[PDB]
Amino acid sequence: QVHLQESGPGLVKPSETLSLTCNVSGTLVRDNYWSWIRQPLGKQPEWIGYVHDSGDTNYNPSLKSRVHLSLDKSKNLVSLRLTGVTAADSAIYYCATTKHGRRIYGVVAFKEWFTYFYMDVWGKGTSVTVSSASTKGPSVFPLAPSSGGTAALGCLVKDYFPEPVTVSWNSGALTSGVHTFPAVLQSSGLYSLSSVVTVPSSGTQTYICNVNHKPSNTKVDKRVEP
């Protein structure tokens, strides 16, 4: 299946250069147009540019002097560099396969012919925070079960920066009953979040939350017990 996976630093300081990679499987990069798209928190997507091995490539004018897009055929990846970043560049960044279509009329309407692009396969996205604040890894604590025949149970992921943190349960073998809350940005300027699972109260299965904070290369497995 065509599958795109973006990666990046999570945190970049103002004035630095943002460098992102989009790892591609299930198709060869030379055979597609590629777009990068970004979406700030609470806002709509903004198209950064599209690139093709042919040279049929174009950049968003507002970013023109700061952006570079590339394809690496040997490694089958797509790259972005964005220079002189500021807080306005904070967003989730996405890689997408980009298909091309044409609106074609009678020759009497030739001036109105045009091409359009649509993004048909997107990656999961990589979060980019441009901030002068330093990275901080989370502290992870278990939220012990105590009390319908069902109990709740969770993990507290405390005081990290920047976003995001991913939490899974039993490495992915528990996605039902699961609610991972959106993070709170605290007055300290650090984030915290919690994830909970709902389970039947009766000493079978083991419950472990797996927390990963990519920006700080932190991975924590936390067993949660009564």
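Numbering starts at 1 and follows the sequence shown.
- The gap between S202 and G203 holds 1 to 3 unmodelled residues of the deposited sequence.
- Where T115 is followed by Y116 in the displayed chain, the model omits none of the deposited residues that would sit between the two.
- Of the two stretches examined, 105-113 and 80-88, the record assigns the greater average C-alpha temperature factor to 105-113.
- For the segment pair 123-131 and 148-156, the entry gives 148-156 the higher mean B-factor, averaged over Cα atoms.
- Comparing the listed residues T180, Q186, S54, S65, the entry records the largest Cα B-factor for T180.
- Across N212, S19, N23, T206, the entry's maximum B-factor at the CA atom is seen for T206.
- For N170, the recorded CA B-factor ranks within the highest third of the chain. Only modelled residues enter the ranking.
- Annotation for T27: C-alpha temperature factor in the lowest third relative to the rest of the modelled chain, per the entry.
- In the PDB entry, a CA B factor belonging to the highest third of its chain's modelled residues is recorded for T198.
- In the deposited entry, the Cα temperature factor of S176 sits in the top third of values across the chain's modelled residues.
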